[PDB]
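Protein chains in written order, with the numbering used here: chain A, 51 to 122; chain B, 51 to 122. Just so it is clear, CB atoms sit at the ideal spot from N, CA and C, and this is done for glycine as well. Note sheet for the following structure.
Protein chains: 2
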Amino acid sequence: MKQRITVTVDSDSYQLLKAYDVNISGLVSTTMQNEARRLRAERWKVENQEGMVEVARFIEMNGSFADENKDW
Amino acid sequence: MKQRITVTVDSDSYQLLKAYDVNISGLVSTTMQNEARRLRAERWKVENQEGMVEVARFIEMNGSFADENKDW
DNA sequence: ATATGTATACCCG
DNA sequence: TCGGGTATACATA
């Protein structure tokens, strides 16, 4: 069975992504994997680099369709 | 009073995020405002699939809460 | 159940 | 009591 995950926004900043054409269906799972891969409980850190690279695969589904988007 | 935004996934990386310590509330919306503002060219990262062991050589991206984005 | 989603009762802290 | 979160009932396509 699938798991319905809900972030009760209306305050944070969710409406925008969906306001354009993508709530979190593919967003969440995408961001999660990145937050998952990196997952390293910590704090006090700055940034200054880009994040590219691709590695898509056809077998599951990944139905993330919106603003002319597609898998990596 | 708050907007329920939910992605009916399960293991689409979603579960991992909350599985570590954050039911995407701040992550999604954080990610949202970013993909919301940028709304063009997402940001990913993949060096090594965790593996328990880490290293951390420099700075790349910040997350807060209890996850962060280190290099490894 | 159709998935994805909202709405709401219950749920986890 | 709910912060939010998810599940299920229900809503929609």
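Does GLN53 (chain A) come out as helix, strand or coil in the three-state DSSP assignment? Taking the first residue of the first sequence as position 1, residue 53 (chain A) is located at position 3. Note: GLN53 (chain A) maps to strand in three-state DSSP.
By how many angstroms is the C-alpha of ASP60 (chain A) removed from the C-alpha of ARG93 (chain A)? Residue numbering aside, residue 93 (chain A) sits at position 43 when the first sequence is read from its first letter. Residue numbering aside, residue 60 (chain A) sits at position 10 when the first sequence is read from its first letter. Going from the Cα of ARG93 (chain A) to the Cα of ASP60 (chain A) covers about 27 Å.
Compute the Euclidean distance between the alpha carbons of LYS68 (chain B) and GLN53 (chain A), then round it to the nearest angstrom. Position 18 of the second sequence, counting from 1, holds the residue named residue 68 (chain B). Position 3 of the first sequence, counting from 1, holds the residue named residue 53 (chain A). Their backbone Cα atoms lie some 12 Å apart in a straight line.
Quick one: what does DSSP say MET111 (chain B) is sitting in, helix, strand or coil? As a working mapping, residue 111 (chain B) is identified with position 61 in the second sequence. Here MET111 (chain B) sits in strand by DSSP.
Neighbouring residues, chain A, relative to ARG54 (chain B) (Cβ below 9 Å): Locating residue 54 (chain B) in the second sequence gives position 4, counting from the first residue. Those are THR56, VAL57, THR58, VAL59, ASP60, listed as they occur along chain A.
How would you write the range of the alpha helix (DSSP H) that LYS68 (chain A) sits in, first residue to last? For the purposes of this step, residue 68 (chain A) is identified with residue 18 of the first sequence, where counting begins at 1. From DSSP, the alpha helix (DSSP H) with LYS68 (chain A) extends over 64-70.
Under a Cβ-count criterion, where at least 16 other Cβ atoms within 10 Å of its own Cβ denotes burial, should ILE109 (chain A) be classed as buried or exposed? The residue given as residue 109 (chain A) occupies position 59 in the first sequence. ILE109 (chain A) is exposed by the Cβ-count criterion.
Just the chain A side, please: which residues come within less than 7 Å of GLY113 (chain B) by C-beta, in chain order? For this step, residue 113 (chain B) is matched to residue 63 along the second sequence. Near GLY113 (chain B) (Cβ distances below 7 Å), the residues of chain A are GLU85.
Closer than 8 Å at the beta carbon, the chain B residues around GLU100 (chain A): Translated into the one-based positions of the first sequence, residue 100 (chain A) becomes position 50. Going along chain B in sequence order, the residues near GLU100 (chain A) (Cβ under 8 Å) are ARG93.
Measuring straight from C-alpha to C-alpha, what distance separates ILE55 (chain B) and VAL105 (chain B)? Here residue 55 (chain B) refers to the residue found at position 5 of the second sequence. Here residue 105 (chain B) refers to the residue found at position 55 of the second sequence. Cα-Cα distance, rounded: 36 Å.
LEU66 (chain A) and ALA91 (chain B): beta carbons closer than 8 Å? The count along the first sequence starts at 1 and reaches residue 66 (chain A) at position 16. The count along the second sequence starts at 1 and reaches residue 91 (chain B) at position 41. Taking 8 Å as the Cβ cut-off, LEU66 (chain A) and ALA91 (chain B) do not qualify as a contacting pair.
As a quick exercise: from B:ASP62, B:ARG107, B:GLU100, B:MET102, pick the residue whose alpha carbon is nearest that of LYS95 (chain A). Here the question's residue 95 (chain A) lines up with position 45 in the first sequence. Closest by alpha carbon: B:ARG107.
Do we get a CB-CB distance below 8 Å when we pair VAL96 (chain B) with the residues of chain A? Position 46 of the second sequence, counted from the start, is the residue given in the question as residue 96 (chain B). Chain A contact via Cβ: present.
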